[PDB]
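Structure file data.cif with mmCIF, C-alpha atoms and all ligand atoms:
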data_entry
#
loop_
_atom_site.label_atom_id
_atom_site.label_comp_id
_atom_site.auth_asym_id
_atom_site.auth_seq_id
_atom_site.Cartn_x
_atom_site.Cartn_y
_atom_site.Cartn_z
CA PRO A 1 -40.09 -70.93 8.46
CA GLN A 2 -37.48 -71.53 5.82
CA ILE A 3 -38.04 -69.41 2.71
CA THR A 4 -36.22 -70.31 -0.50
CA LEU A 5 -35.46 -67.61 -3.02
CA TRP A 6 -36.67 -69.10 -6.27
CA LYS A 7 -39.67 -66.67 -6.03
CA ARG A 8 -39.87 -63.19 -4.53
CA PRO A 9 -40.10 -63.63 -0.70
CA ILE A 10 -43.49 -61.98 -0.18
CA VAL A 11 -45.10 -62.52 3.25
CA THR A 12 -48.37 -61.62 5.03
CA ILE A 13 -48.30 -58.63 7.32
CA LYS A 14 -50.68 -57.29 9.95
CA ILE A 15 -50.14 -53.54 10.25
CA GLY A 16 -52.33 -50.59 11.31
CA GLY A 17 -55.42 -52.77 11.61
CA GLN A 18 -54.95 -53.97 8.02
CA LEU A 19 -53.83 -57.11 6.26
CA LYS A 20 -50.99 -56.42 3.85
CA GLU A 21 -48.24 -58.17 1.89
CA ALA A 22 -44.62 -57.14 1.88
CA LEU A 23 -41.29 -58.22 0.35
CA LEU A 24 -38.49 -59.50 2.70
CA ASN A 25 -35.67 -57.33 1.40
CA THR A 26 -32.15 -57.81 2.78
CA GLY A 27 -30.97 -55.03 0.50
CA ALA A 28 -33.19 -52.42 2.27
CA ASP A 29 -32.06 -50.77 5.50
CA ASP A 30 -35.59 -49.54 6.26
CA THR A 31 -39.20 -50.72 6.13
CA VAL A 32 -41.62 -48.82 3.85
CA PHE A 33 -45.40 -49.17 3.42
CA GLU A 34 -47.84 -47.16 1.40
CA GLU A 35 -51.57 -46.82 2.03
CA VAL A 36 -51.44 -47.42 5.72
CA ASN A 37 -52.98 -45.07 8.25
CA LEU A 38 -50.75 -45.25 11.32
CA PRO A 39 -51.71 -43.51 14.59
CA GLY A 40 -49.34 -41.61 16.85
CA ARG A 41 -46.55 -39.12 16.20
CA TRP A 42 -44.36 -39.09 13.11
CA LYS A 43 -41.46 -37.04 11.81
CA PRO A 44 -40.44 -36.27 8.21
CA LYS A 45 -37.54 -38.26 6.78
CA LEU A 46 -35.72 -37.88 3.45
CA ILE A 47 -34.80 -41.19 1.95
CA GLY A 48 -33.60 -42.39 -1.42
CA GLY A 49 -31.29 -39.76 -2.86
CA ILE A 50 -31.01 -40.86 -6.46
CA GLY A 51 -32.90 -38.52 -8.87
CA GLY A 52 -33.83 -36.43 -5.91
CA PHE A 53 -35.04 -37.39 -2.51
CA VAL A 54 -38.43 -38.72 -1.42
CA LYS A 55 -40.02 -37.28 1.74
CA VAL A 56 -41.75 -39.92 3.87
CA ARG A 57 -43.39 -40.07 7.34
CA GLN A 58 -41.23 -41.91 9.89
CA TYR A 59 -43.22 -43.65 12.65
CA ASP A 60 -41.26 -45.07 15.55
CA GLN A 61 -41.96 -48.24 17.51
CA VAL A 62 -44.80 -49.46 15.33
CA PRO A 63 -46.36 -52.75 16.37
CA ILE A 64 -46.41 -55.07 13.40
CA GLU A 65 -47.03 -58.82 12.83
CA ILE A 66 -44.79 -60.52 10.20
CA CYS A 67 -45.63 -64.18 9.50
CA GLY A 68 -47.39 -64.48 12.81
CA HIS A 69 -44.38 -62.96 14.63
CA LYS A 70 -45.51 -59.91 16.68
CA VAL A 71 -42.66 -57.33 16.73
CA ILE A 72 -41.96 -53.58 17.00
CA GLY A 73 -39.95 -51.32 14.71
CA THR A 74 -39.70 -48.11 12.74
CA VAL A 75 -41.98 -47.91 9.71
CA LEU A 76 -41.66 -45.37 6.91
CA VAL A 77 -44.83 -44.46 5.10
CA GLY A 78 -44.58 -43.23 1.51
CA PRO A 79 -44.90 -44.36 -2.15
CA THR A 80 -43.56 -47.87 -2.89
CA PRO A 81 -44.54 -50.36 -5.66
CA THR A 82 -44.39 -53.29 -3.22
CA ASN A 83 -44.37 -52.84 0.57
CA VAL A 84 -40.86 -53.61 1.84
CA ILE A 85 -39.72 -55.28 5.10
CA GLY A 86 -36.16 -54.07 5.57
CA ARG A 87 -33.33 -55.25 7.80
CA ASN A 88 -34.56 -53.08 10.71
CA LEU A 89 -37.54 -55.41 11.11
CA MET A 90 -35.99 -58.67 9.89
CA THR A 91 -33.64 -58.48 12.87
CA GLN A 92 -36.67 -58.26 15.19
CA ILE A 93 -38.19 -61.52 13.94
CA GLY A 94 -34.82 -63.24 14.10
CA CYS A 95 -34.42 -63.67 10.37
CA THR A 96 -31.06 -64.77 8.97
CA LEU A 97 -29.53 -65.69 5.63
CA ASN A 98 -28.24 -69.24 5.64
CA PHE A 99 -26.25 -71.39 3.28
CA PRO B 1 -22.62 -69.60 7.17
CA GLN B 2 -25.36 -67.89 9.08
CA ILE B 3 -25.53 -64.15 8.36
CA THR B 4 -27.52 -61.90 10.69
CA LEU B 5 -29.01 -58.71 9.36
CA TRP B 6 -27.93 -56.13 11.89
CA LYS B 7 -25.40 -54.89 9.25
CA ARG B 8 -25.62 -54.88 5.47
CA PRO B 9 -24.90 -58.48 4.29
CA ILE B 10 -21.80 -57.73 2.19
CA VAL B 11 -19.75 -60.78 1.11
CA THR B 12 -16.50 -61.48 -0.80
CA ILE B 13 -16.83 -62.41 -4.43
CA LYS B 14 -14.43 -63.87 -6.99
CA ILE B 15 -15.57 -62.79 -10.45
CA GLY B 16 -13.82 -62.24 -13.80
CA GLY B 17 -10.38 -62.82 -12.30
CA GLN B 18 -11.04 -60.11 -9.69
CA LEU B 19 -11.80 -59.91 -6.01
CA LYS B 20 -14.97 -57.96 -5.33
CA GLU B 21 -17.58 -57.33 -2.63
CA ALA B 22 -21.30 -57.54 -3.16
CA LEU B 23 -24.54 -57.14 -1.18
CA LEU B 24 -26.80 -60.25 -0.66
CA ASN B 25 -30.08 -58.72 -1.78
CA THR B 26 -33.29 -60.76 -1.52
CA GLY B 27 -35.17 -57.82 -2.98
CA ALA B 28 -33.25 -58.04 -6.31
CA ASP B 29 -34.27 -60.53 -8.99
CA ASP B 30 -30.95 -60.14 -10.81
CA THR B 31 -27.23 -59.85 -10.10
CA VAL B 32 -25.44 -56.64 -11.16
CA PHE B 33 -21.73 -55.73 -11.10
CA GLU B 34 -19.92 -52.71 -12.37
CA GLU B 35 -16.25 -52.50 -13.36
CA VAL B 36 -15.87 -56.10 -14.30
CA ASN B 37 -14.47 -57.22 -17.64
CA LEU B 38 -16.28 -60.45 -18.47
CA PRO B 39 -15.27 -62.58 -21.48
CA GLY B 40 -17.67 -64.31 -23.86
CA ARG B 41 -20.89 -63.24 -25.53
CA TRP B 42 -23.39 -60.80 -24.06
CA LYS B 43 -26.73 -59.34 -25.07
CA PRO B 44 -28.26 -55.95 -24.19
CA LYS B 45 -30.93 -55.92 -21.47
CA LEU B 46 -33.14 -53.07 -20.26
CA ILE B 47 -33.64 -53.14 -16.54
CA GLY B 48 -34.99 -50.75 -13.95
CA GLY B 49 -37.86 -48.84 -15.48
CA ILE B 50 -38.36 -46.04 -12.99
CA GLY B 51 -37.18 -42.63 -14.34
CA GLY B 52 -36.30 -44.35 -17.55
CA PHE B 53 -34.57 -47.60 -18.19
CA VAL B 54 -30.90 -48.51 -17.82
CA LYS B 55 -29.23 -50.55 -20.59
CA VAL B 56 -26.85 -53.20 -19.26
CA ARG B 57 -24.82 -56.12 -20.71
CA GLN B 58 -26.34 -59.51 -19.84
CA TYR B 59 -23.77 -62.34 -19.61
CA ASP B 60 -25.13 -65.85 -19.28
CA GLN B 61 -23.67 -68.74 -17.29
CA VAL B 62 -20.93 -66.74 -15.61
CA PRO B 63 -18.72 -68.68 -13.23
CA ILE B 64 -18.60 -66.88 -9.92
CA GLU B 65 -17.42 -67.70 -6.36
CA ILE B 66 -19.61 -66.36 -3.50
CA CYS B 67 -18.24 -66.99 0.01
CA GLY B 68 -16.10 -69.80 -1.26
CA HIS B 69 -19.09 -71.38 -3.05
CA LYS B 70 -18.29 -71.87 -6.77
CA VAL B 71 -21.51 -71.41 -8.81
CA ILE B 72 -22.81 -70.33 -12.24
CA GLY B 73 -25.43 -67.73 -13.13
CA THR B 74 -26.44 -64.75 -15.21
CA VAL B 75 -24.59 -61.53 -14.42
CA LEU B 76 -25.65 -58.07 -15.54
CA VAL B 77 -22.91 -55.53 -15.99
CA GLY B 78 -23.77 -51.85 -15.61
CA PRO B 79 -23.68 -48.91 -13.14
CA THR B 80 -24.47 -49.82 -9.50
CA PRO B 81 -23.40 -48.11 -6.23
CA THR B 82 -22.76 -51.47 -4.55
CA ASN B 83 -22.42 -54.74 -6.50
CA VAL B 84 -25.59 -56.79 -5.93
CA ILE B 85 -26.05 -60.58 -5.61
CA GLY B 86 -29.69 -61.16 -6.50
CA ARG B 87 -32.00 -64.12 -6.00
CA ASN B 88 -30.84 -65.71 -9.30
CA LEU B 89 -27.48 -66.46 -7.69
CA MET B 90 -28.58 -66.87 -4.06
CA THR B 91 -30.57 -69.91 -5.17
CA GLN B 92 -27.39 -71.41 -6.66
CA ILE B 93 -25.48 -71.27 -3.38
CA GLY B 94 -28.46 -72.65 -1.50
CA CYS B 95 -29.20 -69.51 0.46
CA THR B 96 -32.46 -69.24 2.40
CA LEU B 97 -34.17 -66.83 4.77
CA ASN B 98 -34.82 -68.43 8.12
CA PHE B 99 -36.66 -67.46 11.26
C1 LIG C 1 -30.15 -52.06 -4.93
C2 LIG C 1 -30.70 -51.48 -3.62
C3 LIG C 1 -29.57 -50.79 -2.86
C4 LIG C 1 -31.90 -50.57 -3.91
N1 LIG C 1 -33.04 -50.76 -2.99
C5 LIG C 1 -33.87 -51.98 -2.97
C6 LIG C 1 -33.66 -52.90 -4.17
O1 LIG C 1 -33.40 -54.21 -3.65
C7 LIG C 1 -34.83 -53.00 -5.17
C8 LIG C 1 -36.08 -53.60 -4.51
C9 LIG C 1 -37.17 -52.58 -4.30
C10 LIG C 1 -38.41 -52.97 -3.79
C11 LIG C 1 -39.41 -52.03 -3.60
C12 LIG C 1 -39.19 -50.69 -3.91
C13 LIG C 1 -37.97 -50.30 -4.42
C14 LIG C 1 -36.96 -51.24 -4.61
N2 LIG C 1 -34.42 -53.81 -6.32
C15 LIG C 1 -33.40 -53.53 -7.14
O2 LIG C 1 -33.12 -52.40 -7.51
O3 LIG C 1 -32.59 -54.64 -7.66
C16 LIG C 1 -31.72 -54.34 -8.76
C17 LIG C 1 -30.39 -55.08 -8.62
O4 LIG C 1 -30.46 -56.28 -9.41
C18 LIG C 1 -31.53 -56.16 -10.36
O5 LIG C 1 -32.46 -57.24 -10.26
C19 LIG C 1 -33.81 -56.78 -10.19
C20 LIG C 1 -33.76 -55.29 -9.90
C21 LIG C 1 -32.31 -54.90 -10.05
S1 LIG C 1 -33.50 -49.63 -2.06
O6 LIG C 1 -34.60 -50.14 -1.29
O7 LIG C 1 -34.00 -48.54 -2.86
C22 LIG C 1 -32.41 -49.06 -1.03
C23 LIG C 1 -31.35 -48.27 -1.46
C24 LIG C 1 -30.42 -47.79 -0.55
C25 LIG C 1 -30.56 -48.07 0.81
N3 LIG C 1 -29.66 -47.59 1.69
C26 LIG C 1 -31.63 -48.83 1.25
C27 LIG C 1 -32.55 -49.32 0.33
#
Any chance you could put this one into structure tokens?
Amino acid sequence: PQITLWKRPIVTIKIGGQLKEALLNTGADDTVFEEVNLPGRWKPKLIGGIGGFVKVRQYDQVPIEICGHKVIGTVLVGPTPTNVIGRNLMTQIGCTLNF
Amino acid sequence: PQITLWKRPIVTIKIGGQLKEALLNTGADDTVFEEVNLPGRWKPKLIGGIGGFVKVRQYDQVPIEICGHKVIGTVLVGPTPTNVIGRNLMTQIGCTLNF
């Protein structure tokens, strides 16, 4: 699809057996969800760094569906006001900026 | 141009008689630069909101050149680690997300 940027680019996600929404965020290196229950192994990751750090759970090679596009990528799980699809997963669906 | 997202989407900016770089950030509503000296009238704006607020100077209808595209939009001036082009100016250059 072609998504214009007059509104926040919020899209429908299937992740961890749940239906979610997330923001397409070209300013974020990483993808972060809260309130998902992912199976499999994880490792702790410190992210952020301003004010302190936040400790999140890093899950590798997570199957995820973004706008009907079934892809795989690293997902961080921790507190976030709006779930965020970062560049690490936008590359997987083939998403570019165009003008 | 078509910009892929394997790297941070940092582009060349002409603003306030200066050459700058800024990140194309679809997760940001607003555009924020530091260390620019913009002419004209401004008004205070509170942005952020997490940890406290940050007070910035809001300048309306600022002429700015983004990748050789000469456009106009609101620019906030305050502290930021990397200058940020938000949706308010990506719409002006006709930038979309595509996949
Ligand atoms: C400015 C970014 C570097 C900050 N981040 C995302 C950012 O886009 C959030 C988006 C966002 C979404 C969910 C959770 C946190 C942050 N919005 C934002 O701060 O935009 C500001 C710049 O212009 C202004 O206009 C509106 C807000 C102002 S960030 O996700 O925390 C981030 C910071 C550093 C890295 N390496 C990777 C990601």
Close residues, residue 64 (chain B) itself excluded, 6 Å, only C-alpha atoms, min 3 positions apart in chain, as a VMD selection string = chain B and resid 14 to 15 70 to 72
task = Name all residues at most 7 Å from residue 23 (chain B) (count only C-alpha atoms; drop same-chain ones fewer than 6 positions away) and give them as a ChimeraX atom specification.
result = /A:27 /B:9-11,82-85
note = If you count only C-alpha atoms and all ligand atoms, the residue of A:74, A:80, A:2, A:92 closest to ligand LIG 1 (chain C) turns out to be A:80
Taking all atoms of region 22-35 of chain A that the file lists and extending 4 Å past them on each side, where is the centre of the axis-aligned box and how long are its edges? Answer in Å to one decimal, as JSON.
{"center_x": -41.3, "center_y": -53.2, "center_z": 3.3, "size_x": 28.6, "size_y": 20.7, "size_z": 13.9}
ask   = Mind listing the residues within 10 Å of ligand LIG 1 (chain C), only C-alpha atoms and all ligand atoms counted, as JSON, numbers by chain?
value = {"A": [22, 23, 24, 25, 26, 27, 28, 29, 30, 31, 32, 33, 47, 48, 49, 50, 79, 80, 81, 82, 83, 84, 85, 86, 87], "B": [8, 23, 24, 25, 26, 27, 28, 29, 30, 31, 32, 33, 47, 48, 49, 50, 75, 76, 80, 81, 82, 83, 84, 85, 86, 87, 88]}
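You will find CA of residue 69 (chain A) at 25.1 Å from CA of residue 91 (chain B).
Taking CA of residue 45 (chain B) and CA of residue 60 (chain B) as endpoints, the distance between them is 11.7 Å.
Proximity of A:16, A:67, A:52, A:6 to residue 35 (chain A), computed with all atoms listed in the file, is greatest for A:16.
The interatomic distance for the pair CA of residue 97 (chain B) and CA of residue 93 (chain A) works out to 11.3 Å.
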inquiry  = Which residue is closest to chain B? Choose from A:51, A:62, A:37, A:73 and count only C-alpha atoms.
reply    = A:51
query = Quick one: of B:18, B:58, B:96, B:12, who's nearest to chain A, counting all atoms listed in the file?
reply = B:96
request  = Quick one: residues within 8 Å of (-42.0, -35.5, 7.2) (file frame), counting all atoms listed in the file, please, as a list in words.
outcome  = residues 42, 43, 44, 45, 46, 55, 56, 57 and 58 of chain A
Could those selected residues go to a file with C-alpha atoms, as an mmCIF file, in the coordinates of the input?
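What ended up in result.cif:
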data_model
loop_
_atom_site.group_PDB
_atom_site.id
_atom_site.type_symbol
_atom_site.label_atom_id
_atom_site.label_comp_id
_atom_site.auth_asym_id
_atom_site.auth_seq_id
_atom_site.Cartn_x
_atom_site.Cartn_y
_atom_site.Cartn_z
ATOM 1 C CA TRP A 42 -44.360 -39.090 13.110
ATOM 2 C CA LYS A 43 -41.460 -37.040 11.810
ATOM 3 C CA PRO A 44 -40.440 -36.270 8.210
ATOM 4 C CA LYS A 45 -37.540 -38.260 6.780
ATOM 5 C CA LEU A 46 -35.720 -37.880 3.450
ATOM 6 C CA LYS A 55 -40.020 -37.280 1.740
ATOM 7 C CA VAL A 56 -41.750 -39.920 3.870
ATOM 8 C CA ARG A 57 -43.390 -40.070 7.340
ATOM 9 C CA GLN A 58 -41.230 -41.910 9.890
#
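Distances here use all atoms listed in the file; by that measure, the residue among B:66, B:95, B:19, B:36 closest to chain A is B:95.
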request  = For each of A:77, A:1, A:54, A:68, take the minimum atom-to-atom distance to residue 38 (chain A), counting all atoms listed in the file, then give the residue where this is smallest.
outcome  = A:77
Restore N, CA, C and O atoms in region 72-94 of chain B and list the result as a PDB file, keeping the file's coordinate frame.
ATOM      1  N   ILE B  72     -22.653 -70.885 -10.896  1.00  0.00           N
ATOM      2  CA  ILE B  72     -22.810 -70.330 -12.240  1.00  0.00           C
ATOM      3  C   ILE B  72     -24.126 -69.566 -12.314  1.00  0.00           C
ATOM      4  O   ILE B  72     -25.136 -70.018 -11.791  1.00  0.00           O
ATOM      5  N   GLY B  73     -24.151 -68.407 -12.965  1.00  0.00           N
ATOM      6  CA  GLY B  73     -25.430 -67.730 -13.130  1.00  0.00           C
ATOM      7  C   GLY B  73     -25.281 -66.509 -14.023  1.00  0.00           C
ATOM      8  O   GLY B  73     -24.171 -66.116 -14.413  1.00  0.00           O
ATOM      9  N   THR B  74     -26.413 -65.914 -14.324  1.00  0.00           N
ATOM     10  CA  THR B  74     -26.440 -64.750 -15.210  1.00  0.00           C
ATOM     11  C   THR B  74     -25.947 -63.537 -14.452  1.00  0.00           C
ATOM     12  O   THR B  74     -26.380 -63.301 -13.326  1.00  0.00           O
ATOM     13  N   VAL B  75     -25.048 -62.773 -15.058  1.00  0.00           N
ATOM     14  CA  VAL B  75     -24.590 -61.530 -14.420  1.00  0.00           C
ATOM     15  C   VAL B  75     -24.833 -60.359 -15.335  1.00  0.00           C
ATOM     16  O   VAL B  75     -24.484 -60.423 -16.517  1.00  0.00           O
ATOM     17  N   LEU B  76     -25.459 -59.310 -14.791  1.00  0.00           N
ATOM     18  CA  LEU B  76     -25.650 -58.070 -15.540  1.00  0.00           C
ATOM     19  C   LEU B  76     -24.484 -57.153 -15.212  1.00  0.00           C
ATOM     20  O   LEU B  76     -24.044 -57.059 -14.044  1.00  0.00           O
ATOM     21  N   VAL B  77     -23.965 -56.492 -16.231  1.00  0.00           N
ATOM     22  CA  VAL B  77     -22.910 -55.530 -15.990  1.00  0.00           C
ATOM     23  C   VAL B  77     -23.377 -54.141 -16.397  1.00  0.00           C
ATOM     24  O   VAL B  77     -23.706 -53.918 -17.552  1.00  0.00           O
ATOM     25  N   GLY B  78     -23.395 -53.235 -15.421  1.00  0.00           N
ATOM     26  CA  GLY B  78     -23.770 -51.850 -15.610  1.00  0.00           C
ATOM     27  C   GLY B  78     -23.555 -51.089 -14.312  1.00  0.00           C
ATOM     28  O   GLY B  78     -23.127 -51.665 -13.286  1.00  0.00           O
ATOM     29  N   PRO B  79     -23.875 -49.788 -14.311  1.00  0.00           N
ATOM     30  CA  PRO B  79     -23.680 -48.910 -13.140  1.00  0.00           C
ATOM     31  C   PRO B  79     -24.465 -49.353 -11.899  1.00  0.00           C
ATOM     32  O   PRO B  79     -25.665 -49.568 -11.990  1.00  0.00           O
ATOM     33  N   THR B  80     -23.791 -49.480 -10.756  1.00  0.00           N
ATOM     34  CA  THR B  80     -24.470 -49.820  -9.500  1.00  0.00           C
ATOM     35  C   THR B  80     -23.570 -49.333  -8.365  1.00  0.00           C
ATOM     36  O   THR B  80     -22.352 -49.521  -8.413  1.00  0.00           O
ATOM     37  N   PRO B  81     -24.164 -48.679  -7.347  1.00  0.00           N
ATOM     38  CA  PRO B  81     -23.400 -48.110  -6.230  1.00  0.00           C
ATOM     39  C   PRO B  81     -22.670 -49.182  -5.413  1.00  0.00           C
ATOM     40  O   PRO B  81     -21.538 -49.006  -4.973  1.00  0.00           O
ATOM     41  N   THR B  82     -23.331 -50.324  -5.242  1.00  0.00           N
ATOM     42  CA  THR B  82     -22.760 -51.470  -4.550  1.00  0.00           C
ATOM     43  C   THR B  82     -23.105 -52.674  -5.414  1.00  0.00           C
ATOM     44  O   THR B  82     -24.245 -52.785  -5.832  1.00  0.00           O
ATOM     45  N   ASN B  83     -22.137 -53.542  -5.700  1.00  0.00           N
ATOM     46  CA  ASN B  83     -22.420 -54.740  -6.500  1.00  0.00           C
ATOM     47  C   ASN B  83     -23.515 -55.527  -5.797  1.00  0.00           C
ATOM     48  O   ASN B  83     -23.550 -55.553  -4.579  1.00  0.00           O
ATOM     49  N   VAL B  84     -24.416 -56.162  -6.546  1.00  0.00           N
ATOM     50  CA  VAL B  84     -25.590 -56.790  -5.930  1.00  0.00           C
ATOM     51  C   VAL B  84     -25.660 -58.245  -6.329  1.00  0.00           C
ATOM     52  O   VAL B  84     -25.610 -58.518  -7.519  1.00  0.00           O
ATOM     53  N   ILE B  85     -25.701 -59.160  -5.351  1.00  0.00           N
ATOM     54  CA  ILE B  85     -26.050 -60.580  -5.610  1.00  0.00           C
ATOM     55  C   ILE B  85     -27.553 -60.744  -5.445  1.00  0.00           C
ATOM     56  O   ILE B  85     -28.089 -60.609  -4.329  1.00  0.00           O
ATOM     57  N   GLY B  86     -28.251 -61.018  -6.542  1.00  0.00           N
ATOM     58  CA  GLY B  86     -29.690 -61.160  -6.500  1.00  0.00           C
ATOM     59  C   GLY B  86     -30.134 -62.590  -6.272  1.00  0.00           C
ATOM     60  O   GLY B  86     -29.315 -63.483  -6.083  1.00  0.00           O
ATOM     61  N   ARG B  87     -31.455 -62.780  -6.234  1.00  0.00           N
ATOM     62  CA  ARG B  87     -32.000 -64.120  -6.000  1.00  0.00           C
ATOM     63  C   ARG B  87     -31.489 -65.151  -7.009  1.00  0.00           C
ATOM     64  O   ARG B  87     -31.313 -66.318  -6.625  1.00  0.00           O
ATOM     65  N   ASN B  88     -31.249 -64.750  -8.259  1.00  0.00           N
ATOM     66  CA  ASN B  88     -30.840 -65.710  -9.300  1.00  0.00           C
ATOM     67  C   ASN B  88     -29.547 -66.424  -8.896  1.00  0.00           C
ATOM     68  O   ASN B  88     -29.314 -67.566  -9.293  1.00  0.00           O
ATOM     69  N   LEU B  89     -28.686 -65.774  -8.122  1.00  0.00           N
ATOM     70  CA  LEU B  89     -27.480 -66.460  -7.690  1.00  0.00           C
ATOM     71  C   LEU B  89     -27.561 -66.934  -6.250  1.00  0.00           C
ATOM     72  O   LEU B  89     -26.871 -67.909  -5.888  1.00  0.00           O
ATOM     73  N   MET B  90     -28.420 -66.342  -5.427  1.00  0.00           N
ATOM     74  CA  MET B  90     -28.580 -66.870  -4.060  1.00  0.00           C
ATOM     75  C   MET B  90     -29.191 -68.265  -4.101  1.00  0.00           C
ATOM     76  O   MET B  90     -28.824 -69.121  -3.286  1.00  0.00           O
ATOM     77  N   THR B  91     -30.057 -68.536  -5.080  1.00  0.00           N
ATOM     78  CA  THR B  91     -30.570 -69.910  -5.170  1.00  0.00           C
ATOM     79  C   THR B  91     -29.468 -70.935  -5.467  1.00  0.00           C
ATOM     80  O   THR B  91     -29.538 -72.088  -5.023  1.00  0.00           O
ATOM     81  N   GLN B  92     -28.462 -70.510  -6.226  1.00  0.00           N
ATOM     82  CA  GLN B  92     -27.390 -71.410  -6.660  1.00  0.00           C
ATOM     83  C   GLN B  92     -26.471 -71.810  -5.493  1.00  0.00           C
ATOM     84  O   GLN B  92     -25.935 -72.939  -5.464  1.00  0.00           O
ATOM     85  N   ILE B  93     -26.265 -70.905  -4.538  1.00  0.00           N
ATOM     86  CA  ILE B  93     -25.480 -71.270  -3.380  1.00  0.00           C
ATOM     87  C   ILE B  93     -26.313 -71.894  -2.270  1.00  0.00           C
ATOM     88  O   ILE B  93     -25.790 -72.279  -1.229  1.00  0.00           O
ATOM     89  N   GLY B  94     -27.615 -71.990  -2.475  1.00  0.00           N
ATOM     90  CA  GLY B  94     -28.460 -72.650  -1.500  1.00  0.00           C
ATOM     91  C   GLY B  94     -28.890 -71.775  -0.356  1.00  0.00           C
ATOM     92  O   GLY B  94     -29.179 -72.274   0.733  1.00  0.00           O
TER      93      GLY B  94
END
